[PDB]
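Quick heads-up: it's one chain on its own, the form deposited in one PDB entry, in structure tokens.
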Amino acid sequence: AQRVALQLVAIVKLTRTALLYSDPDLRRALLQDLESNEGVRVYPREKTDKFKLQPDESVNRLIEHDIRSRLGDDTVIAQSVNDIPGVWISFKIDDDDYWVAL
């Protein structure tokens, strides 16, 4: 479970890092690159964005525990956000909230 969690954590931290250090006028272009070339979709997260948990199947809960241990206990991990299926993990830059969908 640690093995899957660590890959997901790496993807999220690298994506966050890319956003964090981005040239402000290349920011939207970066998002296009991440989605098209890396299959990583980043969205701003709104407080009102609804989400559904991953099922308690196999080792899902342990993966989730491991991810929060690295990214923070407030991290949301979901199988859908606003009705859109995926692997969804929240992250923050300062007071701004985001999703990564894989």
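Residue numbers run from 1 along the displayed sequence. Think of the rigid core as the biggest set of C-alphas that the two forms share within 1.5 Å after superposition. Residues that one form lacks are left out of the comparison.
One more form of this protein, deposited in another entry, exists but is not displayed; see below.
Measuring CA movement between this form and the one not shown with the rigid core aligned, the set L30, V40, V59, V76 has one residue at 2 Å or more: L30. Compared with the form shown here, the Cα atoms of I63 and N37 move at least 3 Å closer together in that other deposited form. With a change of no less than 3 Å, the CA-CA distance between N37 and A10 is smaller in that other deposited form than in the form shown.
Considering only residues present in both forms and aligning them on the rigid core, one finds just one run of three or more residues with C-alpha shifts of 2 angstroms or more between this form and the one not shown, namely 23 to 38.
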